[PDB]
Structures are given as C-alpha cells and as structure tokens.
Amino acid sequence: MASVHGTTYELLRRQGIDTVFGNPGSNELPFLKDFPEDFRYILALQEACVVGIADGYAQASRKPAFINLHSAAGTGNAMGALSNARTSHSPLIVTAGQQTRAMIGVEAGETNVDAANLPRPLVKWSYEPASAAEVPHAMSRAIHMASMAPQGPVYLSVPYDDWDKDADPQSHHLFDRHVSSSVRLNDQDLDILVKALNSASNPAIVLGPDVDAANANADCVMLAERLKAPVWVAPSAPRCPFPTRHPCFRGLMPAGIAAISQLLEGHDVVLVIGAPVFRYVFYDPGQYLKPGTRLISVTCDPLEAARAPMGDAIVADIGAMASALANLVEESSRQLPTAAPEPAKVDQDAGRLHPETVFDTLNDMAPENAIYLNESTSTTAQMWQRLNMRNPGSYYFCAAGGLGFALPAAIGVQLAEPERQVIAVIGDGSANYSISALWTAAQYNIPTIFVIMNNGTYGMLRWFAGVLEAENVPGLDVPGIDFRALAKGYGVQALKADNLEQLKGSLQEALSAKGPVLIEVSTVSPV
C-alpha cells in the first residue's frame, strides 16, 4: 500500500475495476507483477485485439475497461481500434509502460518518444506523469476522464521505475471519489422543449448509439409510444437503440444528406437523441432538412452539438434526458405507426448462400436475447431488416468503420454477457484484420460464435467503386483463405456451410457447443 503499485491497484479496485486487458512487455512487468487475486488478466496476441476485446467489454458492461499495452509499438498497434473507440464513446483506460525515467533522454530501446502525443487526436485525455508519486493521481484523472460524458478512450504512459516508489500518503483521498455527469436541461427550458414536442403535428425520432450506451432504450420506447412517432436509427450505427420490430421502428437511415431530409420530409419536429447530426458517408448533396422540418438534438458530446449543420442542440446526459422526456410529454391521441413490412424471402437454390438467407436463418434459430456483431460491410442493410433485436445491447458495428473490431469485440461482449449468446457476422476480408483474437476465445473458453461471410472479395469496396466510377482498381479480391484452418490454428472449433442445409446444421451445432465456434459460410459472389 505504501508503494505506487499498491496504491494504484487500490484506486482501481475502489473505482470498480477488476479486469485488465493486455499484451505484456518489459515496461509493463513492474506494473503486472504481484497481480492481485481480485483482478483477472485477459491476454490477446496483438494490441488491436486487446483493445477490441476491451471495447466490446466496456460497451456491453456500460463501465470503463482497463487496458495495458507495451510502449509505442503496442500503443501504435492499437490505434485503429482507438479510432473506433472514439466514435462509440467507449470508456477505455489505455495504459502503456514507458522506459525507466533515467533512460528516456538517451532514447533507450523501448522508449515511447513524446508519449502523450502518440494517441492524439483520438483520445479525450493523454498524459505522462512528471514523477512516480503523481501516478495514482494521474490514474484518477484517467478513470474519471474516460467515464464522464462524453465517454471516450484516454491514455496514460508510466515509466516502469515508478511502481516501486513510495506513494503520496495523501493519495487515499482519490480512492472513493464519485464524479457525476448525470445531468439534464434546466426545468424552464425543459418545459419549453416538452411543450414543443406536445405541439408537434407530425414528430419523428432519430436515435443513436449513446441511447444504447445509456440503457435509455426503454425510455425511448416510452417516448416514441407517447408521441406516436416513427423512430429511425441514425446512419452508420455503432449500436442498436430500439427494438427492431416495434411498430414505430423505421430502420437504419441511409448515410446521405438528401436521403435523410427526404425521409424526414413532412415531419415538423425531428428529435434526435444520442446521435451525431449526422454520420453521413456517401456523396448525396441536397437540403439538410426540407422546409417545414425543425430539428432538436440531444447529445452527450459538445463536438456533436457544435458540428451539426442544422437544428438546435442540448448537451446533456442521454439517460437523464430520455427519462425526463419520456415521463414529461403528453400521450398523443394520434394513430400508432404501422409496423414496417416483413422483408421478402429471396430465391435460394442448393448452392452458395445469399446474405438474406443467412440473416433469415439466424433470426429463426438464435435465442431472442442473442447479441449480434456486424463486420460484413456489404450486407448491413439486409442485417438490420432481417434480425429481430428486442433487447438493449444487441448490436455492435465498428463505430468509425475501422475493420478488425467485430471479431475481438465479440469476445469482450461475450465475456461481459455470459448468459447471452454472442454471434459475430464478419466478412472474409474483415476477419483477417484481428484474426489472432480467436486464440483468446479458445484459451479463456469464451463461447462466441463467429460466422464468416466468405464471398472472396471486398464486396463493399466493389459497390463504392461502382458509385465513384472507379475502374481498374487493384486489390479488391481476397481469394484463397481457409477460415477453418485459421480457427484450427488458434484452437477454435470450425465448421463449413456451402449450402442452406449445411448452414442450418452448422448453426445447430454451434448453438449447442460449450466453446467458441467458427462457421465459414460460402456466400454469393460478384467474383
């Protein structure tokens, strides 16, 4: 307890941390030594995997996740993953070991040069302490910065000789600090907003990932029912904020300016909750909103409020605001929206699987409290239409579009939610980015199901190339990957589905298995 090591672990446990996601190195050994018995360590083989797992775990648990990486090389390997963490507002405490203070100036091997600048601009806060005794206070800042709205990844670099040094005896005041950002709009202005919602003749609601992060899903259901309002999920959705077969639900918005203003045409008040306004992707110029539509955004993120090209904004906690609004608005006497029609069953022969067939089969066979992850980039629209997701925390997709998220994140989610079957639907291209994460699932017996959609190509990129009139583009096809052999390589049970009969058979086997299972599915291909 007298040491920085002892004091830091005490701070961590008192702040509710009990798991370390890591890949170790020399600079981290003085931190990891005498690893306390009330903590667990989750090893992954590459740092993109470490951070991916921790990210899934944080998102599903709705609590900060603690990460330990090796210096610049380890931090650097994780920076694509940190890109995703930024956009999903994932509360990640990223720590990295630094060389001993005496060896920094000469730039010894393993020195993290100008360390705090390395993860910038992706992190909320980034720091290397000026002394050993400062380390617990620096850790306190990291914990709270990650945890306060808008939540996000933070970075702390610690010289390895710091851990053995005497702690400041006054560091005890850090242990039980409670910091809240659970705030909502003042009574007067909240009343004005509620009045505007009550007065709307044709309101619409758009929900984003911070709704699911806040577990505000049920309150948003109540709000939608009271306002009798259609509900969309904001484009490029990292999470699912609403039951997908509720009568109000209208699906995933296309990531385009004109496309969204068209969907919102005729709606006089559009209430956006917990979403950027908006995560557009494709070139689709036009009006941000059509005449007669006003927009009000509730966001936990000042930068989201600042960068919205239209509408009013309120910067507040999504949980507190959704609860306030759901409980304050009048019950409208308008007709409840009609449920969206069932998607068509596509023609399926005895050959390669249409993605539509895969999602239909999953929906038929998976438990109702399944959790899905998506990194099958060309099939996102079909997935959203065909999976009935009733419960919160049921969907995750790389928040910044960074591939290599879903495979490790599915392992972290499954760890956070041992009673809910996790099924990751991942493209053949996407599977390779963080392929080594499979080993963590096998070693810790984390029973994630991985469904590899093998069409031999970067399907989404072919679609983008068509849109952009981009001809003669190299590097779009990925033939000759045996995913069963890869799963075997990392100790994961592997199955193949070349047709529907095999798909049903493989899913049946996977859903009854005691460990992780990979199913390679032969899907229809433009190759």
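Note that residue numbering begins at 1 and tracks the sequence as displayed.
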Taking the deposited Cα B-factors and averaging over 247 to 255 and over 82 to 90, the higher mean is found in 247 to 255
Stretch with higher mean Cα temperature factor, 94 to 102 vs 170 to 178, is 170 to 178
The largest CA temperature factor among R307, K195, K124, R239 is found at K195
Looking only at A344, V135, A115, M148, the Cα with the top B-factor belongs to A344
Here the Cα B-factor of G515, set against its chain, lands in the third termed highest
On the chain's distribution of Cα B-factors, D364 falls within the third called highest
By the entry's values, the third containing the CA B factor of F66 is the lowest
The third of the chain into which the C-alpha temperature factor of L223 falls is the middle
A48: CA B-factor among chain residues, third -> lowest
